[PDB]
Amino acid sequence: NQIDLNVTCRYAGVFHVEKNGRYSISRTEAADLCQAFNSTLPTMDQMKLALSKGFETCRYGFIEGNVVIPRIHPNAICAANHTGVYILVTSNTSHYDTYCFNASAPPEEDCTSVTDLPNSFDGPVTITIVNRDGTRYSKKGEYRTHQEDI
């Protein structure tokens, strides 16, 4: 009974979270996940500031109201060579990654490891935070509040 959460550097408090390394987070689960990190889904303005500080990914993730990919460098296989905060317009499907925003993070780039899931609650799941440098933190708990997500 195990969940891996892959997390990125924070840029102006904004980071990317992927569950089990594949698109697998619903919009309701995304809200619960950010809450577990004492974070919220970012606004577009928050995401644009993160982009300006160096944030980019090659993965679709929820923000408040949209699914986006932040892009600095144009790449043919990431958001079809666009730069800026690329907004997903047309999709059949409902599961992506998420972005989260932590107001207590440093103002610019923070590439230190994430070491806790401070607001997870009591539960049976072994939840493992996995940093890009491979550093791991594990705890038993739960973050999902909606049954359709469990």
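What we label the rigid core is the largest C-alpha set whose atoms superpose within 1.5 Å from one form to the other. In case it trips you up, residue 1 is the first one in the sequence shown, and so on.
Comparing 45-53 with 85-93 by root mean square Cα distance to the shown form in 9 other deposited structures of this protein, with the rigid core used for the fit, gives 85-93 as the more displaced stretch. The question of which stretch, 93-101 or 25-33, has the higher mean Cα B factor is settled in favour of 25-33. As the entry records it, the average C-alpha temperature factor is higher for 117-125, out of 117-125 and 56-64. Note on 140, 10, 136, 132: the highest value goes to 140, judged by CA B factor as recorded. In this PDB entry, the Cα temperature factor of residue 43 sits in the bottom third of its chain's modelled residues, the lowest group.
In this PDB entry, residue 51 carries a Cα temperature factor that places it within the middle third of its chain's modelled residues.
Annotation for residue 85: C-alpha temperature factor in the middle third relative to the rest of the modelled chain, per the entry.
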